[PDB]
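J.: Before I ask anything, here is the structure I am working with.
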Amino acid sequence: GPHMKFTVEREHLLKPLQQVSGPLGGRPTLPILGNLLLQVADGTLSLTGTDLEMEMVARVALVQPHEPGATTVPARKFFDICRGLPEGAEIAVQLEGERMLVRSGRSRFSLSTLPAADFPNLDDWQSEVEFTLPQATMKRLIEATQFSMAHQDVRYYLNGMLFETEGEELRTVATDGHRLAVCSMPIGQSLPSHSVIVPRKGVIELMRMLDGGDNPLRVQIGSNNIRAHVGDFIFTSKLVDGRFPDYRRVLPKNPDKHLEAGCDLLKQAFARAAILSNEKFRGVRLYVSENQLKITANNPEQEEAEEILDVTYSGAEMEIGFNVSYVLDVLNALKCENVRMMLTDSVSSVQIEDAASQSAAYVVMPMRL
Amino acid sequence: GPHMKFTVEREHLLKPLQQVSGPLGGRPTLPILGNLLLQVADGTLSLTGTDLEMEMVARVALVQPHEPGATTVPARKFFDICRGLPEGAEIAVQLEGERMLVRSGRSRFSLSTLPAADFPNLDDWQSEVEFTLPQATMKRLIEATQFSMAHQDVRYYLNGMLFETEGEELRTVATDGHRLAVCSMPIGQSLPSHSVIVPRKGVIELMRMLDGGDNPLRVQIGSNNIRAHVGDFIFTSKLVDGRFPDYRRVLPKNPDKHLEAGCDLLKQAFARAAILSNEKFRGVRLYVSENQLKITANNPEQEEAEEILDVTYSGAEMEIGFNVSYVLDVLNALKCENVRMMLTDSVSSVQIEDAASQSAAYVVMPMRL
Amino acid sequence: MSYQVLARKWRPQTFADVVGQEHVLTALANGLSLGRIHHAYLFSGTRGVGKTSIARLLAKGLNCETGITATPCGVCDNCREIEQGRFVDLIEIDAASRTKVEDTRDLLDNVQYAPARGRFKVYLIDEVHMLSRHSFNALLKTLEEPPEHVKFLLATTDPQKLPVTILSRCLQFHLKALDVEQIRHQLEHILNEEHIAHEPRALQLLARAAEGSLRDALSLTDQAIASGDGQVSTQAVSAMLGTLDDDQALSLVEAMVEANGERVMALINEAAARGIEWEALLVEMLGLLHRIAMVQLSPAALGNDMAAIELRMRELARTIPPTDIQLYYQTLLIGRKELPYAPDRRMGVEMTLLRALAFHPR
Amino acid sequence: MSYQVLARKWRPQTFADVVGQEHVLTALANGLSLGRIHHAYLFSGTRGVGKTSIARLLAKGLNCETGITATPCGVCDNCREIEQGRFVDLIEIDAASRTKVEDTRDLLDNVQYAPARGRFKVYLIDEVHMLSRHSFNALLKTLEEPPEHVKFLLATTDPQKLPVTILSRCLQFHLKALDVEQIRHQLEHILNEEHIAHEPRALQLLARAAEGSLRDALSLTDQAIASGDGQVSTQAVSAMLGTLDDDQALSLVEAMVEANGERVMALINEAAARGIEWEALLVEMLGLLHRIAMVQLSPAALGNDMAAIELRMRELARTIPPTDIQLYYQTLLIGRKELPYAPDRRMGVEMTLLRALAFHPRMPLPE
Amino acid sequence: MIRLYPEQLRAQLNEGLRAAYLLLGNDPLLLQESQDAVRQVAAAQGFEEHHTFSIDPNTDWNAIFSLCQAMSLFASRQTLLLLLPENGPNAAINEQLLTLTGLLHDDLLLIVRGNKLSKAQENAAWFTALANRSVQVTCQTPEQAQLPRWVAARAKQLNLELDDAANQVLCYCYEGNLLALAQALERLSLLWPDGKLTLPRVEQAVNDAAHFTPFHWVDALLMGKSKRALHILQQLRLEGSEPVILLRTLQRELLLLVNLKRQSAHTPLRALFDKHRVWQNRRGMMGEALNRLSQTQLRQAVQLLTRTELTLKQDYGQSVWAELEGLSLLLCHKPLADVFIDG
DNA sequence: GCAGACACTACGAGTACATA
DNA sequence: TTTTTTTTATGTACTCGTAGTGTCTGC
Ligand SMILES: Nc1ncnc2c1ncn2[C@@H]1O[C@H](COP(=O)(O)OP(=O)(O)O)[C@@H](O)[C@H]1O
Ligand SMILES: Nc1ncnc2c1ncn2[C@@H]1O[C@H](COP(=O)(O)OP(=O)(O)O)[C@@H](O)[C@H]1O
Ligand code: BEF
Ligand code: BEF
Ligand SMILES: [Mg+2]
Ligand SMILES: [Mg+2]
Ligand SMILES: [Zn+2]
Ligand SMILES: [Zn+2]
């Protein structure tokens, strides 16, 4: 049988295992899908973890004696044994017969395995566009728009994120039929325009695998897949066939009324009013008057919540409604100093932006009470 | 009724409100049961909550004008509305028309209330035996055996733990029929002989009570009611009849076989061994040789796990098989530097103790013969 | 060496290798050759009659490289790949194992993705009558507006367990239970395609005892080969069936009516060699006599439940006057009434049959 | 050394030591010899006729060191653990203790993992008729196309509970209840191997007492050994069973058909002195009447265990009409029906005998 | 409100969509076709957000979430579907649907599907609120005498010819099951592109899958249709209907028969039917039965039914189905059952 | 330090079904 | 058209919703 010799450090191995053993859990579609493909070749090691729609490959350098091989191992067990060994412990791994022996100086573990031949090697392809972006930019792009994606909508193409690379900049769009989150960031280079839908699990994995470091992120987007490289992590994912609707027409074309307020102040006022809102469907009413904002919340057991805050406002008078969860989420994700609100009327969309920046925009509908 | 006019500073309200809202939670059996009563008499405001087998009383001082009166408010809503307010902001609460108006700055909220006569009280008992003990003292006293008590079992009243007072010493015991934990320690007062069973929920609340190494906690023990005083915090609970088995008989009287080991090394070895143990029958077998302890674990998928640790032992091989969750829990609780295992026979139970302290001891029954 | 079981290695791979059931094969062939393909086919049958095999064959035909055709080529990489377990577009879901909605969502969300290789992403959901209600709701939501690139193939044993709304959106093909002649013909082909000698009487017995299913017939064929020293002889199959016979009722009532005391004794001894509750045996014998007396009144009394023993039963109904049947039922009823108080249940049922045998003949 | 129960000490350890069940043993050995190994076996039959033992022997034959051998070659390494029951790969599943589907799912998840040491990971599912319907449906597909390195051995008492879609895809081996001669010979072997004296009539009674099983027969033999001073004697067996041997009840029926009440009551008194259950006397007499009916209908119906009285049997077979036999049987059957309600069980038996005497169609009591 | 038939639903949707559609009835096929037509026409007129939302008493009630909120992405009109319980809404569900209809967007389309609702649910506040704008369409299974016309219409829909024998065979095989009937017509269309369906083809392309309710069995017994009665009993055995329901459904009419036969010798049937509160469709039925069966057969049937019920609820036996077949033989037809099936 | 964020485990209920 | 619908005492699973607990991380 295959030899597949391993002799590695724990610290050089803990992080890639924690990254590749993320989505694996529960009961998978197939038993092999619940196993990491460990493949040692040349002087390097590939750890492959897949869910029939994504594939994360982690590369680990080898300097100790080793022999080539490939076998699939339970993921949770391997990660737990790797994390359970003492700090700095050496790990030796040998495939004997149809079992795998993991040895440290005073411990020997045996593990069931599966042949690497039966592992569903994901199909390869050719990227239609390249891309290079600093990690912090992608971090902000995901953090600005991940929360507004549709959860399990019937349309089955809103359950994702729209990547729109145009001219020089990149845009991320998310929606749920009642909210819209759009974020635009520069990249520094002119790029071909592409519209792509990334599934929610792909977006979550991309968020997790950022590592918060400084090395650039490489992206290769093809016809039906995307691939991302950070250090020694290569994550590929499929795409959604649906066509993401045009975000441009959603935003209020003619915002009649401008107002500005403290981000933290408005957020905490909304939070305080949210307690006394109906659990059947949580929402509040905004009364916008001359430099004044009033928040009114009602609950069917005759519970009333009232708030008044001094805001900057340019308009006559307004009465509108708002699902308090949506506004609370958008203010929480804003993470800025002051918020600017664009209002048109009680039956059209409302725009939310930074008072001093325009990279991120949000659109929300009033809720009729 | 009357008009409250209670002005309370947030700093003097948030922590006691959290303390009294601790025991309550989840969906109550009947309405009103989930609620709290605030009563102001001669400048002192008491927040009291109950589960009709527990009660919380918190006393705070008032300097602003008021009137003596008692009113009930839903707990979670008041706790969430008092929090999140600007720091240092006063809260003015006032009763009109069977509802409570709470004001802070320009923030107004209205809450449905119930008559104070609708808030039941608990029993009364006099001549309670008094205790004056340090907080962290009883904290670690229970913590050594908090895991030990069995939850949701019919046998005896294992949903709780026993306090025994003898001479000048307080001892605490818990068990499940397979594992037992004792912790005895001298208090420093002339005390009678008593043996009582405090319920598990009362134990959790008692742990929640402890805060600071300041003024010592005062216990008032009886037969069917228990009380705890921590500063201006008063807690009361209802006890459980019956009595646990004689812990003295449970402890082996022939610890002929001795073993000395390191706490952290043994804990890590057991944690590593538990990975490949049976998910339901988390049992490992132990081979004890001179200055050597070997642990073997199996599971239905095989995946044998072996480990070996250096100890201080002299004798024959015992091959004691027992559960891993129990030994892992006790080794987590010890947090000492050295651990003494004490073995009697391959059928007998095993004893676990601190090597450098006799205050706490444990016993665990074996698994298979 | 590795002698693969006859239930697996002889699974059909083309529509021409499927026995009988032309009312479904022809319909599917016409649908595939023409443009009319429904969005969800639901296959039904009885106990191994060709549901999963036909569903697999349909999935093979839908994604063949030569195109959507009644006959898959069997040569292209897709035909070879679906032939084995491994393939990407064809998703074989053991619905009986992943009943929970949590597992169903993880595989019904793949519809939004494009098929990797073939034209259609085909979901072969086997044993669909087992899903949970919420999982059924999820699958119905998928089927309400299914993408044009996904075809659903559902195979089950009891269609009526399915909720009506999901069934309303599926074209249901009910597979007829195979006839004795078709069973015997396919069994002869299977034996001759391999190196197993046989005698036609043995195959006739196998077909009759197979209860109209090819899996039962093939399982019995493998058992016969094993106990037959590599040759299927009549005596071996007959002795095995005697060890496996369960219809002691009809044979015993035939003997009792014909008044063969020795045959009744032998059949009681055989029914004692097998652990049989005597109360159950006697009560179902009463039921058989009841059905006989009913058939005396109208030929339509014998419904579709007892089609396997129709002929014999009809004969027993035709050749026996009703008064004797009434008397036999009366004596059997009174014997069963006093049965628990007899020496032994075997003992008491024996003498009850003797009482019923002493009348009319002898 | 030591004294363990016969039911566990004398479990067969090879196909040579399994008595009876010739068809199943022959089929299994022949199939193993030919190499044709089906992937699902279902052993049905009455309790205690060896389905679990045969299944474990099949596991031995499959996992033996020398290869796929019909006869397990004595005791090899891979068979030692089977004998000790601690085998790595023979997965014993007390299906009655794992009826939930959330456990059959765990069983099916790890089915593909290669066996640790043996050629096959034989899943022995004891009492397969106890799994919940969901677990059945779960294991359907894994039975239809199992991996090449796993086999299922299912043992159950009544196959009818199982869904027919499971009976379809598995071999059905049915183990008939063993004959009286088989049980008696096996018991003679067991008592000889234990260096214990025994009586042939005692062992014949042991064979008749157990309904075609063996572990029941072994249990009753162990109880006999307990009742005796470590010896199986005829008196001890008669005491433990409560039977009448084959003579006293025959004297009763002979006197009753002779319409001699005096001897009937005299033997009733003697049986009372014997300290025996009265319903036992009634059931023995009913059984004797039925045996008379059987020999009257079928000329050759007596087994060897009654040969000691066979001659007298034929006497009644040539002397009494079948109608009178039916009359006596029904009279004593109603007597059995009424006995628990009589003022005294002895009183009730006396009344039943006197009722059979008064309605004697040949020599009735004078009026 | 408008009360409508499935044939005219096309015209009603063509003239203009109303606020809400209540499609109700006992059959699956007509309900499904009506719902599909409504959904397709709404999609043609600009309805894209389609929601299926079962009402059944469970942990599922959040429909209000989909109506109070305007769609940010597009001004897409929404369609909400409700699957009423097997017996209709209860009081709590009545008031919950009243709250649901208390507020409805003009661009929101409401679809409700379920079985027929009696006056108890018809006079509830929810239905009265819906009484103004909503259109209710009734889809009921045609009777055994009405099936051939419907099958002929369906054949003309698919451009098929069946003559008369094939129509009778299909009506008998799929009696009371229109879904399987339409599926079988589609299957026959697929089998023969010629479209000229005849007996030597529909005979082997058909199934026996049929549906029934105890009223059909009782009426079959009353008319004396022996083969139909036994067919219904066999189909109900396969369906697994509770035997007790059959017992009670027969017992009601059998007690009525016993009483009417008792009163017949002294009072004319015209007054007796009025006094005994008999439905107008059953009068002739009863007449035939009364003029066919004497009080001896009625008493024997009552004895048989009594033995059946007692053995059902005391001995826990399984002989119920054969026993009801025996009663069918003993009821209007050929009374023999001599002790054998007469206790 | 601390929620809070899952993550998981347990429990109730709605429902199906078995047996007698 | 039409409205029409039944035994039960006890036990065994299965599946989803929702609370209670642990822990673990980037807060
Ligand atoms: N129409 C058929 N032609 C040939 N073999 C068949 C046919 N139907 C059933 N079989 C046999 O039965 C075995 C199992 O068949 P399968 O199609 O899985 O039945 P099911 O409908 O119950 O899933 C097949 O391997 C094949 O040998
Ligand atoms: N055919 C047999 N040959 C020899 N002993 C048997 C046989 N059947 C049963 N026994 C005895 O019964 C004991 C248990 O038998 P077992 O096979 O467990 O029966 P079961 O089919 O009920 O599980 C065995 O140890 C053996 O002594
Ligand atoms: F695989 Be079949 F439905 F028996
Ligand atoms: F497995 Be047997 F019934 F003792
Ligand atoms: Mg199948
Ligand atoms: Mg057994
Ligand atoms: Zn092909
Ligand atoms: Zn061996």
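Letters for chains follow the order of the structure tokens (A, B, ...), residue numbers begin at 1 for each chain, and ligand numbers begin at 1 in the order shown.
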Show which residues sit within 12 Å of residue 3 of chain F, as a ChimeraX atom specification. Count only C-alpha atoms (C1' of nucleotides), and ignore same-chain residues fewer than 2 positions away.
T.: /F:1,5-6 /G:24-27
J.: Dump N, CA and C atoms (P, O5', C5', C4', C3', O3' and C1' of nucleotides) for the selected residues as a PDB file, in the first residue's frame?
T.:
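Saved as result01.pdb:
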ATOM      1  P    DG F   1     -12.835  43.697  31.718  1.00  0.00           P
ATOM      2  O5'  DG F   1     -12.221  42.332  31.149  1.00  0.00           O
ATOM      3  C5'  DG F   1     -12.903  41.618  30.132  1.00  0.00           C
ATOM      4  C4'  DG F   1     -14.369  41.453  30.484  1.00  0.00           C
ATOM      5  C3'  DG F   1     -14.654  40.533  31.669  1.00  0.00           C
ATOM      6  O3'  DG F   1     -15.713  41.057  32.521  1.00  0.00           O
ATOM      7  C1'  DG F   1     -15.100  39.481  29.536  1.00  0.00           C
ATOM      8  P    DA F   5     -23.796  37.407  18.391  1.00  0.00           P
ATOM      9  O5'  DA F   5     -22.295  36.978  18.764  1.00  0.00           O
ATOM     10  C5'  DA F   5     -21.328  36.724  17.753  1.00  0.00           C
ATOM     11  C4'  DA F   5     -21.212  35.235  17.450  1.00  0.00           C
ATOM     12  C3'  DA F   5     -22.342  34.659  16.608  1.00  0.00           C
ATOM     13  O3'  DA F   5     -21.806  33.831  15.604  1.00  0.00           O
ATOM     14  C1'  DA F   5     -22.111  33.386  18.582  1.00  0.00           C
ATOM     15  P    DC F   6     -22.650  33.578  14.267  1.00  0.00           P
ATOM     16  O5'  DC F   6     -23.902  32.719  14.779  1.00  0.00           O
ATOM     17  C5'  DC F   6     -23.903  31.293  14.688  1.00  0.00           C
ATOM     18  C4'  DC F   6     -22.683  30.681  15.357  1.00  0.00           C
ATOM     19  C3'  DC F   6     -22.589  29.168  15.239  1.00  0.00           C
ATOM     20  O3'  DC F   6     -21.230  28.784  15.230  1.00  0.00           O
ATOM     21  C1'  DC F   6     -22.720  29.727  17.491  1.00  0.00           C
TER      22       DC F   6
ATOM     23  P    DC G  24     -13.048  25.890  23.680  1.00  0.00           P
ATOM     24  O5'  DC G  24     -13.198  26.088  22.097  1.00  0.00           O
ATOM     25  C5'  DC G  24     -14.242  26.914  21.577  1.00  0.00           C
ATOM     26  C4'  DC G  24     -13.696  28.263  21.140  1.00  0.00           C
ATOM     27  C3'  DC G  24     -12.518  28.765  21.966  1.00  0.00           C
ATOM     28  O3'  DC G  24     -11.264  28.522  21.286  1.00  0.00           O
ATOM     29  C1'  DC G  24     -14.253  30.436  21.861  1.00  0.00           C
ATOM     30  P    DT G  25     -11.120  28.594  19.680  1.00  0.00           P
ATOM     31  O5'  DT G  25     -11.929  29.907  19.240  1.00  0.00           O
ATOM     32  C5'  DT G  25     -11.274  31.173  19.216  1.00  0.00           C
ATOM     33  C4'  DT G  25     -12.093  32.204  18.455  1.00  0.00           C
ATOM     34  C3'  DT G  25     -11.397  33.535  18.257  1.00  0.00           C
ATOM     35  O3'  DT G  25     -11.940  34.191  17.128  1.00  0.00           O
ATOM     36  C1'  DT G  25     -13.222  33.854  19.700  1.00  0.00           C
ATOM     37  P    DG G  26     -10.968  34.807  16.009  1.00  0.00           P
ATOM     38  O5'  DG G  26     -11.966  35.546  15.001  1.00  0.00           O
ATOM     39  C5'  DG G  26     -11.787  36.926  14.710  1.00  0.00           C
ATOM     40  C4'  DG G  26     -12.684  37.786  15.581  1.00  0.00           C
ATOM     41  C3'  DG G  26     -12.255  39.253  15.696  1.00  0.00           C
ATOM     42  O3'  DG G  26     -13.394  40.105  15.628  1.00  0.00           O
ATOM     43  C1'  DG G  26     -12.478  38.327  17.832  1.00  0.00           C
ATOM     44  P    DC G  27     -13.222  41.670  15.301  1.00  0.00           P
ATOM     45  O5'  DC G  27     -14.254  42.386  16.291  1.00  0.00           O
ATOM     46  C5'  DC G  27     -13.994  42.421  17.690  1.00  0.00           C
ATOM     47  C4'  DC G  27     -15.117  41.757  18.467  1.00  0.00           C
ATOM     48  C3'  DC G  27     -15.776  42.636  19.518  1.00  0.00           C
ATOM     49  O3'  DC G  27     -17.109  42.201  19.752  1.00  0.00           O
ATOM     50  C1'  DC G  27     -14.543  40.919  20.581  1.00  0.00           C
TER      51       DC G  27
END
J.: Could you list, as a compact mmCIF listing (two decimals) with C-alpha atoms, in the first residue's frame, every residue of chain C that has an atom within 7 Å of an atom of chain D, counting only C-alpha atoms?
T.:
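Final file, selection.txt:
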# COMPACT_ATOMS: atom_id res chain seq x y z
CA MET C 1 -13.18 -16.12 -6.52
CA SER C 2 -15.49 -13.07 -6.50
CA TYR C 3 -18.83 -14.39 -7.76
CA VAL C 5 -24.56 -11.77 -6.62
CA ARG C 47 -41.13 -5.24 -4.10
CA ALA C 96 -34.76 6.69 3.22
CA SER C 97 -31.51 7.61 5.01
CA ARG C 215 -35.29 -9.80 -7.19
CA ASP C 216 -37.11 -12.58 -5.33
CA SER C 219 -32.36 -14.43 -4.70
CA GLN C 223 -29.93 -19.89 -2.89
CA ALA C 226 -25.73 -22.69 -3.41
CA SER C 227 -27.73 -25.60 -2.01
CA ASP C 229 -24.00 -28.02 -5.68
CA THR C 243 -38.23 -25.77 3.99
CA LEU C 244 -39.49 -22.29 3.03
CA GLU C 262 -51.67 -38.96 6.26
CA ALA C 273 -41.01 -28.05 12.43
CA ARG C 274 -41.42 -24.34 11.68
CA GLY C 275 -42.25 -22.17 14.65
CA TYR C 341 -57.66 -25.42 26.93
CA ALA C 342 -56.49 -28.51 25.02
CA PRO C 343 -53.36 -30.38 26.17
CA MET C 351 -57.64 -33.25 17.04
J.: Could you please extract the residues within 9 Å of ligand 4, counting only C-alpha atoms (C1' of nucleotides) and all ligand atoms, and hand them back as a list in words?
T.: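 The residues near ligand 4 are residues 45, 46, 47, 48, 49, 50, 51, 52, 53, 126, 127, 155, 156, 157, 215 and 216 of chain D.
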J.: Fewer than 4 positions away in the same chain doesn't count, so skip those; otherwise give me all residues within 6 Å of segment 52-68 of chain E, counting only C-alpha atoms (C1' of nucleotides), as a ChimeraX atom specification.
T.: /A:367-368 /E:81-85
J.: Atoms to include: N, CA, C and O atoms. Write the selected residues as a JSON list (two decimals), in the first residue's frame.
T.:
[["chain", "number", "residue", "atom", "x", "y", "z"],
["A", 367, "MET", "N", -41.94, 49.91, 6.06],
["A", 367, "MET", "CA", -42.87, 48.84, 6.37],
["A", 367, "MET", "C", -44.18, 49.45, 6.84],
["A", 367, "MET", "O", -44.20, 50.28, 7.75],
["A", 368, "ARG", "N", -45.28, 49.02, 6.23],
["A", 368, "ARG", "CA", -46.57, 49.67, 6.42],
["A", 368, "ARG", "C", -47.18, 49.24, 7.75],
["A", 368, "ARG", "O", -47.51, 48.06, 7.93],
["E", 81, "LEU", "N", -50.06, 31.60, -1.10],
["E", 81, "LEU", "CA", -50.85, 30.39, -1.19],
["E", 81, "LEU", "C", -51.05, 29.81, 0.20],
["E", 81, "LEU", "O", -50.12, 29.76, 1.00],
["E", 82, "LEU", "N", -52.28, 29.37, 0.49],
["E", 82, "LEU", "CA", -52.64, 28.79, 1.77],
["E", 82, "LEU", "C", -53.26, 27.42, 1.55],
["E", 82, "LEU", "O", -54.17, 27.28, 0.72],
["E", 83, "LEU", "N", -52.78, 26.42, 2.29],
["E", 83, "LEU", "CA", -53.26, 25.04, 2.18],
["E", 83, "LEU", "C", -54.08, 24.73, 3.43],
["E", 83, "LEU", "O", -53.53, 24.36, 4.47],
["E", 84, "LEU", "N", -55.40, 24.85, 3.31],
["E", 84, "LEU", "CA", -56.30, 24.67, 4.44],
["E", 84, "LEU", "C", -56.23, 23.24, 4.97],
["E", 84, "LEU", "O", -55.83, 22.32, 4.25],
["E", 85, "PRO", "N", -56.61, 23.02, 6.24],
["E", 85, "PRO", "CA", -56.50, 21.67, 6.82],
["E", 85, "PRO", "C", -57.43, 20.67, 6.16],
["E", 85, "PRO", "O", -58.21, 21.03, 5.27]]
J.: Give the strand (DSSP E or B) residues of segment 17-260 of chain B, as assigned by DSSP on the backbone, as an MDAnalysis selection string.
T.: chainID B and resid 36:41 44:50 54:61 69:73 90:96 99:104 107:112 114 129:133 160:166 169:175 179:186 194:199 217:221 225:230 233:238 240 257:260
J.: Using only C-alpha atoms (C1' of nucleotides), find each residue of chain G with at least one atom at most 10 Å away from an atom of chain D; report its shortest atom-to-atom pair and that distance in Å (one decimal), sort the rows by chain and rising residue number, and return the result as JSON lines.
T.:
{"residue": "G:12", "atom": "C1'", "partner": "D:132", "partner_atom": "CA", "distance": 8.5}
{"residue": "G:13", "atom": "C1'", "partner": "D:100", "partner_atom": "CA", "distance": 7.1}
{"residue": "G:14", "atom": "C1'", "partner": "D:134", "partner_atom": "CA", "distance": 8.3}
J.: Would you export the selected residues with N, CA and C atoms (P, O5', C5', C4', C3', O3' and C1' of nucleotides) as a PDB file, in the first residue's frame, please?
T.:
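The resulting file, part27.pdb, is reproduced below:
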ATOM      1  P    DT G  12     -42.354   1.046  25.056  1.00  0.00           P
ATOM      2  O5'  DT G  12     -42.075   1.486  23.556  1.00  0.00           O
ATOM      3  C5'  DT G  12     -42.512   0.672  22.492  1.00  0.00           C
ATOM      4  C4'  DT G  12     -42.036   1.239  21.176  1.00  0.00           C
ATOM      5  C3'  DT G  12     -40.797   2.117  21.281  1.00  0.00           C
ATOM      6  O3'  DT G  12     -40.005   1.941  20.134  1.00  0.00           O
ATOM      7  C1'  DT G  12     -42.551   3.374  20.380  1.00  0.00           C
ATOM      8  P    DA G  13     -38.415   2.116  20.217  1.00  0.00           P
ATOM      9  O5'  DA G  13     -38.122   3.214  19.110  1.00  0.00           O
ATOM     10  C5'  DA G  13     -39.093   4.200  18.859  1.00  0.00           C
ATOM     11  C4'  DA G  13     -39.231   4.457  17.381  1.00  0.00           C
ATOM     12  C3'  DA G  13     -38.289   5.503  16.855  1.00  0.00           C
ATOM     13  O3'  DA G  13     -38.195   5.391  15.468  1.00  0.00           O
ATOM     14  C1'  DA G  13     -40.468   6.406  17.036  1.00  0.00           C
ATOM     15  P    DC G  14     -36.859   5.860  14.722  1.00  0.00           P
ATOM     16  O5'  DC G  14     -37.345   7.090  13.842  1.00  0.00           O
ATOM     17  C5'  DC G  14     -38.724   7.350  13.709  1.00  0.00           C
ATOM     18  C4'  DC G  14     -38.932   8.639  12.960  1.00  0.00           C
ATOM     19  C3'  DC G  14     -37.725   9.547  12.952  1.00  0.00           C
ATOM     20  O3'  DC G  14     -37.837  10.426  11.867  1.00  0.00           O
ATOM     21  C1'  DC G  14     -39.393  10.540  14.245  1.00  0.00           C
TER      22       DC G  14
END
J.: What's around segment 116-119 of chain A at 8 Å? Count only C-alpha atoms (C1' of nucleotides), leave out sequence neighbours fewer than 2 positions away in its own chain, and write the answer as a list in words.
T.: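 What passes the distance filter is residues 32, 33, 37, 70, 71, 72, 114 and 121 of chain A.
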J.: Within 8 Å of chain C, which residues belong to chain A? Use only C-alpha atoms and report them as JSON, numbers by chain.
T.: {"A": [27, 29, 154, 156, 157, 224, 238, 239, 240, 241, 242]}
J.: Next, write the just-selected residues to a file, as an mmCIF file, in the first residue's frame, keeping C-alpha atoms as the atom set.
T.:
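Just written: selection-v8.cif:
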data_model
loop_
_atom_site.group_PDB
_atom_site.id
_atom_site.type_symbol
_atom_site.label_atom_id
_atom_site.label_comp_id
_atom_site.auth_asym_id
_atom_site.auth_seq_id
_atom_site.Cartn_x
_atom_site.Cartn_y
_atom_site.Cartn_z
ATOM 1 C CA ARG A 27 -23.383 14.170 8.178
ATOM 2 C CA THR A 29 -23.670 13.838 1.388
ATOM 3 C CA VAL A 154 -37.371 30.940 -3.204
ATOM 4 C CA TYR A 156 -32.488 30.771 -5.284
ATOM 5 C CA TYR A 157 -30.245 33.449 -6.785
ATOM 6 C CA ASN A 224 -18.882 29.102 -13.732
ATOM 7 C CA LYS A 238 -19.117 27.157 -8.106
ATOM 8 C CA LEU A 239 -21.461 29.937 -9.220
ATOM 9 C CA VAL A 240 -25.204 30.560 -9.388
ATOM 10 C CA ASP A 241 -26.832 30.528 -12.822
ATOM 11 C CA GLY A 242 -29.412 33.211 -12.038
#
J.: Define the interface residues of chain B facing chain A as those within 8 Å, counting only C-alpha atoms, and report them as number ranges by chain.
T.: B: 77, 80-81, 84-85, 106-112, 268, 271-272, 275-276, 301-309
